[PDB]
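J.: Dumping the structure here so I can ask a few things about it.
There are 4 protein chains.
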Amino acid sequence: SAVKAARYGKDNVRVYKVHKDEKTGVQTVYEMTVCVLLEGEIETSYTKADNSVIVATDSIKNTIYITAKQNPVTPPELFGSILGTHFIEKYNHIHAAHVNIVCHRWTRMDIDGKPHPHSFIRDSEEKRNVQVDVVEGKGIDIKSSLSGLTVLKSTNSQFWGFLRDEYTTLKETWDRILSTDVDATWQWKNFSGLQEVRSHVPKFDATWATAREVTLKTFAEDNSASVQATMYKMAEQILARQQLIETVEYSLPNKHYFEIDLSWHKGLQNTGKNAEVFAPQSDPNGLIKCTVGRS
Amino acid sequence: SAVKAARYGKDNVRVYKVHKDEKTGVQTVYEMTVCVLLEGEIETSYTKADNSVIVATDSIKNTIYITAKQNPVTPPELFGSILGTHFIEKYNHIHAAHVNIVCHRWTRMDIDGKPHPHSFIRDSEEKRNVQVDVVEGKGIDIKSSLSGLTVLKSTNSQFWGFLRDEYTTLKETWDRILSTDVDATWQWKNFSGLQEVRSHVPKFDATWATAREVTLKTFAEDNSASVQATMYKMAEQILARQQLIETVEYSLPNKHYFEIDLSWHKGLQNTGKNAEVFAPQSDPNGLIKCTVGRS
Amino acid sequence: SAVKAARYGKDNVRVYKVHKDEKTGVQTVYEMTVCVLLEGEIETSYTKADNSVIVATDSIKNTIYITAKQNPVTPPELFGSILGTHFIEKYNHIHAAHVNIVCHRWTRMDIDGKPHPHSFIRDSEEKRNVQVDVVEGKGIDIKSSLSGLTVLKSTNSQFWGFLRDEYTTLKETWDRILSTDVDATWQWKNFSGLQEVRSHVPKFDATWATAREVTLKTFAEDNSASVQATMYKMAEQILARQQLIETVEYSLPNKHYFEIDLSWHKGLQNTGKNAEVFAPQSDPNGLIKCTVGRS
Amino acid sequence: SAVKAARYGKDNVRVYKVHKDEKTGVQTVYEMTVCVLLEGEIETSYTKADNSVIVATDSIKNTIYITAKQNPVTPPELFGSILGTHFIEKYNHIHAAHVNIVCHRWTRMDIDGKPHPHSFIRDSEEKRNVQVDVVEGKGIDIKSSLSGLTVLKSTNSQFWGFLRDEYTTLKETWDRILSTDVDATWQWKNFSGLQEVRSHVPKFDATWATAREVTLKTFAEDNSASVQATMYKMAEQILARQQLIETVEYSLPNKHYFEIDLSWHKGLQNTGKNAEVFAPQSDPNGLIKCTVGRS
Ligand SMILES: O=c1[nH]c(=O)c2nn[nH]c2[nH]1
Ligand SMILES: O=c1[nH]c(=O)c2nn[nH]c2[nH]1
Ligand SMILES: O=c1[nH]c(=O)c2nn[nH]c2[nH]1
Ligand SMILES: O=c1[nH]c(=O)c2nn[nH]c2[nH]1
Ligand SMILES: [Kr]
Ligand SMILES: [Kr]
Ligand SMILES: [Kr]
Ligand SMILES: [Kr]
Ligand SMILES: [Kr]
Ligand SMILES: [Kr]
Ligand SMILES: [Kr]
Ligand SMILES: [Kr]
Ligand code: NA
Ligand code: NA
Ligand code: NA
Ligand code: NA
Numbered sequence: 001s002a003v004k005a006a007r008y009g010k011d012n013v014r015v016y017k018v019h020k021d022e023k024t025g026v027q028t029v030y031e032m033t034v035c036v037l038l039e040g041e042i043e044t045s046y047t048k049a050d051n052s053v054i055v056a057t058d059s060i061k062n063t064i065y066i067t068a069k070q071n072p073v074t075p076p077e078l079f080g081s082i083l084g085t086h087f088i089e090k091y092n093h094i095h096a097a098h099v100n101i102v103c104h105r106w107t108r109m110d111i112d113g114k115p116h117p118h119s120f121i122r123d124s125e126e127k128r129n130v131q132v133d134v135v136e137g138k139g140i141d142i143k144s145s146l147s148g149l150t151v152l153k154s155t156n157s158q159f160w161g162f163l164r165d166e167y168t169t170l171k172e173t174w175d176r177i178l179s180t181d182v183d184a185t186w187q188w189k190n191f192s193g194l195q196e197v198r199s200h201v202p203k204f205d206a207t208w209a210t211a212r213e214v215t216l217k218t219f220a221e222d223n224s225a226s227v228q229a230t231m232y233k234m235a236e237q238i239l240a241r242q243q244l245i246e247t248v249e250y251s252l253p254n255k256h257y258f259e260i261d262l263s264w265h266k267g268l269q270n271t272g273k274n275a276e277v278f279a280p281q282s283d284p285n286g287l288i289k290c291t292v293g294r295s
Numbered sequence: 001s002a003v004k005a006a007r008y009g010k011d012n013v014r015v016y017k018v019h020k021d022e023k024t025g026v027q028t029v030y031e032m033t034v035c036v037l038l039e040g041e042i043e044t045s046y047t048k049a050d051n052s053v054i055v056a057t058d059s060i061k062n063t064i065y066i067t068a069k070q071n072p073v074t075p076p077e078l079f080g081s082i083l084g085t086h087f088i089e090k091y092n093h094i095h096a097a098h099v100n101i102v103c104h105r106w107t108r109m110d111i112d113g114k115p116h117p118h119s120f121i122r123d124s125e126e127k128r129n130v131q132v133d134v135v136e137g138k139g140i141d142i143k144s145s146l147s148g149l150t151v152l153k154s155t156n157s158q159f160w161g162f163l164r165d166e167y168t169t170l171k172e173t174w175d176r177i178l179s180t181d182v183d184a185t186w187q188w189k190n191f192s193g194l195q196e197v198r199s200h201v202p203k204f205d206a207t208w209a210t211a212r213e214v215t216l217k218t219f220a221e222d223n224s225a226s227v228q229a230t231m232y233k234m235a236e237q238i239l240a241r242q243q244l245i246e247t248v249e250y251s252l253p254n255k256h257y258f259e260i261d262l263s264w265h266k267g268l269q270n271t272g273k274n275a276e277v278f279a280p281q282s283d284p285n286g287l288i289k290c291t292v293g294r295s
Numbered sequence: 001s002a003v004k005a006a007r008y009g010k011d012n013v014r015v016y017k018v019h020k021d022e023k024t025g026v027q028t029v030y031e032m033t034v035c036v037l038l039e040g041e042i043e044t045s046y047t048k049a050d051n052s053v054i055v056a057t058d059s060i061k062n063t064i065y066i067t068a069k070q071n072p073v074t075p076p077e078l079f080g081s082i083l084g085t086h087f088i089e090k091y092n093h094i095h096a097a098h099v100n101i102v103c104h105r106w107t108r109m110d111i112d113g114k115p116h117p118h119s120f121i122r123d124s125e126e127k128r129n130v131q132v133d134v135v136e137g138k139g140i141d142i143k144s145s146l147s148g149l150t151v152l153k154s155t156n157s158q159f160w161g162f163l164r165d166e167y168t169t170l171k172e173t174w175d176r177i178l179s180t181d182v183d184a185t186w187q188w189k190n191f192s193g194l195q196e197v198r199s200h201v202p203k204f205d206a207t208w209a210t211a212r213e214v215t216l217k218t219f220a221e222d223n224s225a226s227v228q229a230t231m232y233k234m235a236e237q238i239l240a241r242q243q244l245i246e247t248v249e250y251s252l253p254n255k256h257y258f259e260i261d262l263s264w265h266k267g268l269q270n271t272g273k274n275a276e277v278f279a280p281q282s283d284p285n286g287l288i289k290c291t292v293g294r295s
Numbered sequence: 001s002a003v004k005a006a007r008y009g010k011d012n013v014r015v016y017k018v019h020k021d022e023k024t025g026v027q028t029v030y031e032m033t034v035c036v037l038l039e040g041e042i043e044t045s046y047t048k049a050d051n052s053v054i055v056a057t058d059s060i061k062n063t064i065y066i067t068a069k070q071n072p073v074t075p076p077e078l079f080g081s082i083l084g085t086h087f088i089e090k091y092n093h094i095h096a097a098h099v100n101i102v103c104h105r106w107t108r109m110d111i112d113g114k115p116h117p118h119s120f121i122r123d124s125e126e127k128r129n130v131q132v133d134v135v136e137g138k139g140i141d142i143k144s145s146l147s148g149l150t151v152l153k154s155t156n157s158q159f160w161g162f163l164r165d166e167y168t169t170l171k172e173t174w175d176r177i178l179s180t181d182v183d184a185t186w187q188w189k190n191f192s193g194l195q196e197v198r199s200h201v202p203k204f205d206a207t208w209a210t211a212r213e214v215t216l217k218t219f220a221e222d223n224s225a226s227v228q229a230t231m232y233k234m235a236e237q238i239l240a241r242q243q244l245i246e247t248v249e250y251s252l253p254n255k256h257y258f259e260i261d262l263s264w265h266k267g268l269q270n271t272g273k274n275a276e277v278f279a280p281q282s283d284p285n286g287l288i289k290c291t292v293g294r295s
């Protein structure tokens with residue numbers, strides 16, 4: 001046999017960091033979950049019980065904490081790039097570092113209409129994520145995303161004109177509920193190394209803000225022909241707004257809300273124009289995916 | 001043997017309702033998960049295979065949908081009271097209905113600074129709940145709550161002066177992180193029936209808003225001596241603000257954030273005044289509970 | 001205001017223990033999750049920032065580990081009794097200790113038909129639990145349970161003869177699927193203290209084994225008239241087999257499996273006697289509860 | 001912009017099927033969760049609101065049920081191949097079908113030492129899965145796996161000889177706990193179509209049984225130098241036992257169990273040879289991955 005691929009490291013590393021402005025008293029918090037997996041000249045750890053090539057996962061954990069103490073943890077694209085660059089530079093035999101970061105929301109509280117200096121709320125389970133692949137001699141590949149952004153519109157969604165054959169029961173509709181959990185990813189141009197990442201730092205927060213704003217506005221305003229058509233509009237607008245993005249990917253469940261025919265009970269009218277009460281369906285769910293790039 | 005207690009019904013009934021103002025075009029959505037369990041002269045269904053006393057759980061489900069079509073679903077205290085009253089009035093042999101409702105957030109989106117007429121975001125996993133126990137001849141007992149309200153403050157929490165003996169390792173602290181998931185319950189005066197509930201309807205939304213506001217402000221502003229001391233302040237203020245509440249209950253995890261001593265690595269200082277990077281602990285967690293009533 | 005009830009402590013304490021027979025080489029493992037909440041003369045911690053009455057939750061955690069090192073962790077009824085007795089004896093002002101234990105399965109592997117001395121499998125997510133309430137001057141109240149025991153029978157379940165009115169759509173059936181997650185609790189006679197618990201130690205494992213055996217056999221063999229009727233048979237048999245049990249409680253979801261009418265497609269027959277393919281329903285679910293005691 | 005990749009379909013389709021031997025009375029059950037995502041000449045559904053190219057996800061759901069009624073659902077590799085072949089054959093413009101199946105355990109109960117004809121237990125949360133990619137003109141690519149197989153050994157695991165530098169705190173050990181959740185995947189030789197899959201049908205159940213047996217025996221018997229070394233032994237043995245497998249992949253968390261130093265309390269000895277009570281760590285966790293192929 002032989003090792004065809006191998007990577008290893010530490011997953012599920014929870015990290016908090018606080019910044020304290022000792023002049024204003026304003027504190028700012030950051031919380032993430034980090035995974036770092038390494039690749040390199042490590043096959044003998046698998047084939048010959050050769051632990052000498054292993055940077056222990058415990059040491060990778062220590063390194064995450066140390067790196068967070070010594071550097072900014074925001075934007076996550078930068079932190080992940082710093083962290084991944086450390087492992088390929090420090091260890092000659094390590095040739096790739098794959099850094100995944102999930103950023104958790106801690107939004108400053110407003111108390112009596114004033115932002116509080118040191119109190120925060122988890123205002124959504126929505127995450128901001130990065131995948132940063134630092135590959136020796138091949139630069140830094142970053143995928144940024146938002147996920148867990150759960151939305152619903154109560155009208156201005158349609159679905160008609162689809163293929164109809166002997167497997168089809170679905171009725172056409174000109175007015176339905178549309179709800180999803182948005183998972184949106186933007187793939188950056190390859191960066192040559194950490195200097196190039198640092199040169200673009202403001203673009204990371206700005207492009208996440210653009211992606212989120214476009215997602216929400218297009219969802220709210222598009223009189224949707226399908227999930228497919230609406231998500232494509234989101235992607236095209238994000239590409240138009242940031243030239244350093246190569247592709248935008250969406251992965252969207254269609255979280256169905258079924259009408260409930262109540263006409264069997266006292267002639268109650270609860271379908272079509274009279275539909276008020278619906279049954280949210282936990283499963284199954286449509287799942288619609290697109291990757292959009294330039295033409 | 002004999003049946004000492006019995007209740008049965010339908011759990012996990014997902015319900016959506018929309019309101020459409022056909023004059024303004026503004027739509028408003030409501031989503032909940034409902035459980036209804038009944039009690040009464042039902043023991044023979046258990047002891048003698050006598051299904052004649054069973055209102056089928058499927059029929060209880062149907063009834064939840066029908067009741068949502070025929071009545072307001074807000075405030076949940078009212079909906080639950082309507083629903084529970086239906087079962088004890090409709091069925092002579094049913095003597096109690098226990099209605100639990102979890103309300104899911106669908107907050108109207110603001111698009112370009114204007115509230116959108118029909119688009120919503122799940123802006124938090126925080127729930128608003130009710131437990132409505134409708135007991136024939138004994139009125140309606142309501143417990144209202146908020147849950148899943150996750151908060152953190154980065155300073156202005158202390159914990160010193162606790163008992164120290166041979167089981168104690170914990171260091172006293174005058175400056176720590178405090179984070180919790182708030183579960184706060186207010187117990188209403190017994191209501192004699194549905195008329196009395198309806199007579200107090202505006203108090204339900206107002207008291208939930210008070211409970212939430214007091215929770216957030218007291219958490220943010222109290223230089224906390226302990227979870228115990230802070231939560232008591234919340235409860236006392238809520239009781240002072242609504243005379244129709246008899247008790248307030250809090251159940252709070254202390255979601256610990258541990259300092260990380262990095263002095264083994266290059267003398268890095270990350271404890272005490274220099275603490276910036278922390279390890280959030282998933283488990284174990286302190287769990288602190290109080291029920292507060294009038295003196 | 002005043003404190004009407006209060007309890008506090010440490011939840012979600014994960015504990016492993018190994019026993020090593022250094023003569024045979026056979027190792028045996030135990031894994032649990034423990035919660036200990038204390039009550040007593042603690043109100044001033046809530047009302048006056050008086051931490052002197054607080055046995056820190058961190059110290060409660062330490063105590064759980066220490067107690068596991070110094071005593072058997074099995075049966076859980078005994079461990080919980082030891083642990084709870086410690087807090088009310090050690091601390092004059094602590095008057096109750098509420099100990100919850102969830103026991104996780106680690107079943108010894110059989111390798112080439114021989115039990116392995118030190119390798120284990122999590123052979124089910126089924127738990128064995130205890131709730132041990134140690135109350136100074138009032139002894140030790142134990143509730144034992146099994147939970148998460150998920151079963152299905154493909155026939156020999158019926159449901160007919162239930163109440164039919166204008167809310168009813170459910171068809172009677174003489175042959176359906178029945179599936180549930182068993183939560184079964186047996187409540188012991190009050191014990192006067194730890195000596196009395198210890199005097200009954202073999203009964204704990206024997207009664208858990210009886211409860212499990214009766215559950216499985218009655219589920220498998222009863223041509224069920226309803227969940228209600230079948231669960232009552234389980235409870236009555238357990239009471240008949242252990243006189244030191246006062247009550248048995250079951251809480252059972254009816255995890256519905258719906259027929260799928262396929263007659264719209266090529267006349268396919270998939271209902272009634274021809275039903276082969278079903279749609280498991282995630283929600284809603286019936287929920288049926290009984291507490292059975294002696295007559 | 002332009003569509004670079006697109007796939008869509010129905011996820012989370014729960015399916016049960018029963019087989020009834022009407023001669024012996026023995027019933028056998030199967031339960032799965034299915035996802036089917038299609039690719040093909042579908043870009044205009046995204047770019048031009050052209051729903052004519054969409055086989056509705058609802059219709060894909062119907063098709064899963066119909067296919068389960070008309071064909072065996074076991075082995076899952078065969079069912080998935082049938083299902084995926086249907087979509088690329090039925091629809092000229094659909095060129096790939098990606099079928100994921102998770103198989104849930106329903107193990108026949110033994111009652112009084114005899115297998116019961118129609119009662120089953122979910123004896124583990126362990127899954128058997130397939131990923132079947134049916135690509136028009138490119139055959140059928142199958143990845144089979146087992147997942148959620150949770151194991152622990154209490155000794156005969158070591159970890160020493162790893163890289164030690166200024167980031168390292170981990171102590172070498174010659175005797176530790178090892179616990180993981182096994183995710184093991186075997187990748188089949190490409191099949192030309194459904195006939196070739198059918199020609200190998202017995203190999204699917206046999207190779208899953210081999211993979212599971214080798215996993216358990218190697219875990220139990222290897223005096224492990226590392227997760228890396230042990231998992232490689234598993235993979236090499238599986239490749240040696242089935243020539244129609246090209247690669248074996250393992251993904252293994254190292255679910256850490258930490259010693260607890262209790263020497264601060266009464267000199268209690270709970271480390272090294274005296275270690276009995278451990279703290280299972282929920283997070284972080286090592287994560288170790290290998291893909292092994294022939295040399
Ligand atoms: O927007 C939708 N897209 C689809 O592909 C689909 N299929 N059924 N319903 C659907 N809704
Ligand atoms: O606020 C707190 N309350 C307690 O009871 C406690 N125990 N350890 N830490 C604690 N923090
Ligand atoms: O066993 C059952 N019990 C019930 O109470 C019920 N109601 N609907 N179906 C049911 N099945
Ligand atoms: O088996 C192990 N492999 C590793 O790579 C490792 N790192 N820390 N501990 C470890 N244990
Ligand atoms: Kr962080
Ligand atoms: Kr969308
Ligand atoms: Kr609702
Ligand atoms: Kr608090
Ligand atoms: Kr244990
Ligand atoms: Kr049952
Ligand atoms: Kr199935
Ligand atoms: Kr392993
Ligand atoms: Na390198
Ligand atoms: Na009644
Ligand atoms: Na005491
Ligand atoms: Na085709």
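If you read the protein sequences in the order shown, they are chains H, W, C and B. Per PDB author numbering, residue 1 is the first one in the first sequence, and the count goes up by one each step. Per PDB author numbering, residue 1 is the first one in the second sequence, and the count goes up by one each step. Per PDB author numbering, residue 1 is the first one in the third sequence, and the count goes up by one each step. Per PDB author numbering, residue 1 is the first one in the fourth sequence, and the count goes up by one each step. Where a beta carbon is used, it is the ideal one built from N, C-alpha and C, also for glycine.
(1) Between the region 144–171 of chain B and chain W, which residues of the former have a C-beta closer than 9 Å to a C-beta of the latter?
(2) Let me know the secondary structure DSSP gives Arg108 of chain H once reduced to three states.
(3) Which chain B residues sit within Cβ distance under 8 Å of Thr63 of chain H?
(4) What does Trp106 of chain B touch in chain C if you count any residue whose Cβ is under 7 Å from its own?
(5) Could you spell out the range, first to last residue, of the beta strand (DSSP E) harbouring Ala184 of chain H?
(6) Confirm the yes/no value for this check: CB of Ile140 of chain B, any heavy atom of ligand 16, distance under 8 Å.
(7) Would you mind telling me which residues of chain B sit closer than 9 Å to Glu126 of chain H, beta carbon to beta carbon, in chain order?
(8) Using a Cβ-Cβ cutoff of less than 7 Å, which residues in the same chain neighbour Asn254 of chain H once the five nearest sequence positions on both sides are dropped?
(9) Look at the alpha carbon of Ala68 of chain W and the alpha carbon of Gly148 of chain H, and state the distance between them as a whole number of angstroms.
(10) Under 6 Å, CB to any heavy atom of ligand 10. Which residues pass, going along the chain?
T.: Reading it off the structure:
(1) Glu166, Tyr167, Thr169
(2) strand
(3) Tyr167
(4) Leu152
(5) 178–188
(6) no
(7) Residues of chain B passing the Cβ test: none, with the nearest at roughly 21 Å.
(8) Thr180, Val227, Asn285, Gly286, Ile288
(9) 29 Å
(10) C:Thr180, C:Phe219, C:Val227, C:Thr230, C:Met231, C:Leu252
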